[PDB]
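Novice:
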Amino acid sequence: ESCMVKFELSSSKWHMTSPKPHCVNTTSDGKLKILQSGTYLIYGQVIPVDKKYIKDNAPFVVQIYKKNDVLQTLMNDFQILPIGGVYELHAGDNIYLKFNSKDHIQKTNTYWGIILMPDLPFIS
Amino acid sequence: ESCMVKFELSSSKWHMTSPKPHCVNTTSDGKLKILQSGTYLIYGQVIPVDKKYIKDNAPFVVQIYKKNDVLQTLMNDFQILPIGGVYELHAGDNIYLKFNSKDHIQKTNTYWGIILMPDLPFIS
Amino acid sequence: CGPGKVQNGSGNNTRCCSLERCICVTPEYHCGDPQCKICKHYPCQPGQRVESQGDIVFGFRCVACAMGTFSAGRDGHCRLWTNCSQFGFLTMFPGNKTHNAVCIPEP
Amino acid sequence: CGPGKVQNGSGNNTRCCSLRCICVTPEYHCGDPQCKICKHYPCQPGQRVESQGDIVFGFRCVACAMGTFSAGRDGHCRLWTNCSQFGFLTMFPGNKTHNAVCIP
Ligand SMILES: *[C@@H]1O[C@H](CO)[C@@H](O[C@@H]2O[C@H](CO)[C@@H](O)[C@H](O)[C@H]2NC(C)=O)[C@H](O)[C@H]1NC(C)=O
Ligand SMILES: *[C@@H]1O[C@H](CO)[C@@H](O)[C@H](O)[C@H]1NC(C)=O
Ligand SMILES: *[C@@H]1O[C@H](CO)[C@@H](O)[C@H](O)[C@H]1NC(C)=O
Ligand SMILES: *[C@@H]1O[C@H](CO)[C@@H](O)[C@H](O)[C@H]1NC(C)=O
């Protein structure tokens, strides 16, 4: 059915559509583990801190990892960036986020999640 | 009872769950006209051409519009660009994309679309 | 700020719109948006205009000034040559891109 | 590069990996923690190159720690040469800018 497993960063709580979703067995730290294989949609916006607030001159980078190999590698000059995309996956896949410095992110208004893909056999 | 569409650049055709989705009345331009009010999720990747195939000094910028009002404004140094985020709108709002130069855009592996968000009431 | 214009913006974002296209008048500043919502800073050299490619946000390059015109400043605007012959005088120096033509004073 | 260490990359991407790859081209440093690529961030004498970041490095050109030195732009804190354990005494002890000299 419908498994959208959103994760707010402020509350560190996985807002879910179902008690124990069919497609995901989530974790509290923001990581997750794929249950059912198929097509998915990683989504979410990542709000960075203002350029004034940053300490280190480390660049703004947001990556997405499937298991241990890299899936997505995004970077902009400290502006609002959305993440994700359509990706077909197998079962038991780790989907998490690694960014170079956890110090330069806005915990408020930052979210990420994954959705199962209903089949798309119609075209117009 | 799901409502999901996706426009591809290569096919220039929308791939849908249903022939006439209740939530939208798509334009083959690539724009879309929502019909159902509620929570949506704009998604999709925008893959540009290599920085050697470029022509003008115009920077890579991708915008998203609500009617005629701007909704999103993204930019990177000509690499993969995921777009969108969670947004709640109402019946009859114009959603489309404006670029800086359409010659920046590589048609292969570039897509976007919106899905009606099944509400997530649970938490974890 | 201009006869057929009205003043818009302050400081370096100053611009005088007409008709609705505008021109940043602070030197070496140019419209960054098609509606010139903000003025940006991109100086050039003599004999060079400032082309601005883009449909939402402009990119810049110091393209040279077209033939028949000139530009003796870093602002990057092709001001037109003075054709004294059609205007009333003769010309001592014909002029090039870096400098303006000169006209002879005695006649 | 070295007999008991691993050569990877060529030209400016040259580095010596172990079984902590270290870019050997001067004033070139690892850009990623895995040192997949070597980047260019020169320093001045008496300075090393700190690299904060967990996926892509940013570079601060911090001064040399006490007990070390660096007399070049490469930005690497090489350890002082203790002439005493090598065979000589030390004429000038050495500082951040300069390494000690040995008296034969
Ligand atoms: C054309 O470019 C030349 C570049 O040297 C300049 O030539 C002018 O003409 C006199 C001739 O005696 C030169 O000695 C000077 O360098 C220039 N005169 C002045 C007053 O600057 C000049 O930049 C350009 N000339 C014109 C007429 O545009
Ligand atoms: C759907 O969009 C098309 C675009 O050509 C338009 O002609 C049509 O009227 C729209 N449908 C409705 C119900 O407005
Ligand atoms: C332009 O004006 C702003 C004031 O809005 C000022 O801070 C700045 O120094 C000026 N010069 C620039 C941006 O080169
Ligand atoms: C370091 O020692 C050398 C050797 O005498 C000397 O010339 C140089 O000035 C010293 N620099 C500092 C900062 O002490």
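Residue numbers (the authors' numbering), protein chains in the order written: chain A, 50 to 173; chain B, 50 to 173; chain D, 29 to 47, 58 to 145; chain C, 29 to 47, 59 to 143. All C-beta atoms in this analysis are idealised placements derived from N, C-alpha and C, irrespective of residue type, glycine included.
For C/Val-95, which residues in chain A fall below 8 Å Cβ to Cβ?
Specialist: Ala-107, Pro-108, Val-110, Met-124 and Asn-149
Novice: State yes or no: is the C-beta of D/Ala-139 nearer than 7 Å to some heavy atom of ligand 1?
Specialist: yes
Novice: If contact means a Cβ-Cβ distance below 9 Å, which residues of the region 142 to 167 of chain A contact chain B?
Specialist: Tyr-160, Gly-162, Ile-164, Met-166 and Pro-167
Novice: Anything in the region 79 to 112 of chain D with a Cβ closer than 9 Å to a Cβ of chain B? List those residues in chain order, please.
Specialist: Contact residues of the region 79 to 112 of chain D toward chain B are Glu-89, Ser-90, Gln-91, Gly-92, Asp-93, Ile-94, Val-95, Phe-96, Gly-97, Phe-98 and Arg-99 (C-beta to C-beta distance below 9 Å).
Novice: Sort C/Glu-89, C/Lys-135 and C/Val-140 by Cα distance to C/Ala-110 and report the nearest one.
Specialist: C/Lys-135
Novice: What residue does the beta strand (DSSP E) around C/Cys-122 start on, and which one ends it?
Specialist: It is not in any beta strand (DSSP E) - C/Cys-122 instead sits in the alpha helix (DSSP H) that spans 122 to 125.
Novice: Would you kindly work out how many angstroms separate the C-alpha atoms of A/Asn-143 and A/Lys-80, rounded to a whole number?
Specialist: 7 Å
Novice: Can you check whether the CB of A/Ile-132 is closer than 8 Å to the CB of A/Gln-121?
Specialist: If you check the CB distance, A/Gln-121 and A/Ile-132 come in under 8 Å.
Novice: Just checking my contact of B/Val-95 with B/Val-111 at CB under 8 Å: how many whole Å lie between their CB atoms?
Specialist: 5 Å
Novice: In this structure, how does DSSP classify B/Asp-152 when only helix, strand and coil are distinguished?
Specialist: helix
Novice: For a test of the three-state rule: what should DSSP assign to A/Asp-118, helix, strand or coil?
Specialist: strand
Novice: Just checking my contact of B/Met-166 with A/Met-53 at CB under 8 Å: how many whole Å lie between their CB atoms?
Specialist: 7 Å
Novice: Checking the sheet assignment: what are the DSSP bridge partners for B/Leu-130?
Specialist: Its beta-bridge partners are B/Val-95.
Novice: Please compile the residues from chain B whose C-beta is within a distance smaller than 9 Å of the C-beta of A/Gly-134.
Specialist: Close to A/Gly-134, with beta-carbon spacing below 9 Å, are these residues of chain B in chain order: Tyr-92, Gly-93, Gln-94, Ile-129, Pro-131 and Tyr-160.
Novice: What residues sit near ligand 2, counting only those whose C-beta is closer than 7 Å to one of its heavy atoms, in chain order?
Specialist: B/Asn-74, B/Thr-76 and B/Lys-82
Novice: Considering C/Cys-116, what are the terminal residues of the beta strand (DSSP E) in which it resides?
Specialist: It is not in any beta strand (DSSP E) - C/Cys-116 carries neither H nor E in the DSSP assignment.
Novice: Spell out whether any CB of chain B is found under 8 Å from the CB atom of A/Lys-115.
Specialist: no
Novice: So, for D/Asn-41: in the same chain, excluding its five sequence neighbours on each side, which residues have a beta-carbon less than 7 Å away from its beta-carbon?
Specialist: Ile-76 and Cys-77.
Novice: Can you tell me where the beta strand (DSSP E) holding residue 145 of chain C begins and where it ends?
Specialist: Nothing can be reported for residue 145 of chain C, as the shown portion of chain C is limited to 29 through 143.
Novice: Return helix, strand or coil for B/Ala-107, following the three-state DSSP convention.
Specialist: coil
Novice: Looking at C-beta atoms only, is the number of pairs between the region 150 to 157 of chain B and the region 81 to 101 of chain B that lie closer than 8 Å three or more?
Specialist: Result yes; three or more Cβ-Cβ pairs closer than 8 Å.
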